[PDB]
């Protein structure tokens, strides 16, 4: 654990005291005869690093709806706010991710900061349900099935397999 220098009020001695761990602050500095005393950051404050400070930092304000917390206000961390799952941050607030329609699929997955990116399903793949999450799916391999293709697939539907 690191240390910090402190001027003792009663003697003017420059002491080397032990830092207090992340999550606490110095509630009594060391003196020439006593160890420094650490206390836990009160509800609503944090310190992220071992410190010699006399008060913890205030956490930021509550996340603005519809944002929610992905990290709480706790002893070691300020609250961290994010668009909730299924939404992504655009300018002000959060917007639902793009739904890729039938015949399209997710090329790049949506995140809390970027929208989904859809692509048309490539030949030999299909997507039969609107979704902001799913990828185009390869047709059922009728060959390797021992079957032949009864009905071709489309970008929306699997090939149908069988015999004759």
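Numbering follows the first chain given and starts at 1.
Visitor: For the higher mean C-alpha B factor in the entry, choose 29 to 37 or 57 to 65.
Guide: Higher mean C-alpha B-factor: 57 to 65.
Visitor: May I ask you to compare 95 to 103 and 122 to 130 by their mean CA B factor in the entry and name the higher one?
Guide: Comparing averages over the C-alpha atoms only gives 122 to 130.
Visitor: From the list 11, 145, 16, 24, select the residue with the highest C-alpha B factor recorded in the entry.
Guide: In the PDB entry, the greatest C-alpha B-factor among 11, 145, 16, 24 is found at 145.
Visitor: Of the three thirds of its chain by CA temperature factor, lowest, middle or highest, which one includes residue 43?
Guide: For residue 43, the deposited C-alpha B-factor lands in the highest third.
Visitor: Residue 115's Cα B-factor: lowest, middle or highest third of the chain?
Guide: Tercile = lowest for this residue's CA B-factor.
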